[PDB]
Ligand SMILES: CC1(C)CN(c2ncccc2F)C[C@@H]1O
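In structure tokens, one chain follows: the form solved without the named molecule.
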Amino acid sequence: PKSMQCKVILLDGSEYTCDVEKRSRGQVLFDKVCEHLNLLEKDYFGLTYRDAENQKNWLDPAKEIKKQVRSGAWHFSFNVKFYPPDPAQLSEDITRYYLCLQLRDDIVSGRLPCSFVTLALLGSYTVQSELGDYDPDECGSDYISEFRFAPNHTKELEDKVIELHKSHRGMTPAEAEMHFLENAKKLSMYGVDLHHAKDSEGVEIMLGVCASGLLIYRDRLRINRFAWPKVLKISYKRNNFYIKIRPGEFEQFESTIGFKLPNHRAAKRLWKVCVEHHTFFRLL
């Protein structure tokens, strides 16, 4: 019974290798990866793969792997799919640990923009979690941490991490990770999946998908936000994506709002992530 080798990049940067039957649904591989990670609160996570256009796609656990990766390698990443708006409500510390690992990559990558002071505070909690109480013996005036804290490291940032790390004496790893998450969850781009688009006039915009709803980023002064309950239908057609808005109070007609995506694949991808978010955050 023929099996395909799968390679999964984990959130710590290491590689997990396993075999699944070649006609396996995504759930088979995801279950193996979550068992490897000792992860029970699996609903927030997913696997990604790169399509023939090198775009990130979620592996649908309900569909055959072979019908998603198609002609590409069986190579995946383990990622947070649904960012909990309140990580304190998660039942296990280990779930919060994986969510911290994802957010550290979101920060270093620049997907999650962050002030100097918040970069330093987040860094200080990671250092406290992983090394424990501050020790001057490992850091003179010229200390640089092996830890990656930011898209661009400066001596000033390193110095501020150390100053805040000193303040965390006695803090345990779960406690430090919770403080990490209490800060990160407040960031304006926390858990926002961004998609390049044009408005119905051809003006370049960004669509953000998140727990609360759909964001349109237009000209810096114009951000429009559509809470999920205001959204009755998500649809795509060719390179176009549309949202059907509930009729407002005393309004006779629903309204549909339309956007242009880079290509058909990008419109279908944005539709699927919106539907998934709407379903997940309707139930959570």
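If you superpose the two forms and keep the largest set of C-alpha atoms that fall within 1.5 Å, you have the rigid core. Shifts are known only where both forms have a C-alpha. The first residue of the sequence shown is number 1, and the count goes up from there.
The protein also exists as the form solved in complex with the named molecule; that form is not presented, and the subsequent description refers to it.
- Site accessibility, open: after C-alpha superposition of the site, the named molecule as positioned in the entry with it bound shows no atom within 2.4 Å of the backbone or C-beta atoms of the displayed chain.
- Taking non-hydrogen atoms only, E249 never approaches the named molecule to within 4.5 angstroms in the entry with it bound.
- Proximity of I205 to the named molecule in the entry with it bound: non-hydrogen atoms within 4.5 Å are present.
- Heavy atoms of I94 never reach within 4.5 Å of the named molecule in the entry with it bound, leaving it off the interface.
- None of the heavy atoms of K67 is located within 4.5 Å of the named molecule in the entry with it bound.
- Scanning 174-199 for heavy atoms within 4.5 Å of the named molecule in the entry with it bound gives just one residue, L194.
- In sequence order, there is only one run of at least 3 consecutive residues whose Cα atoms each shift by 2 Å or more between this form and the one not shown, relative to the superposed core, and it is 219-221.
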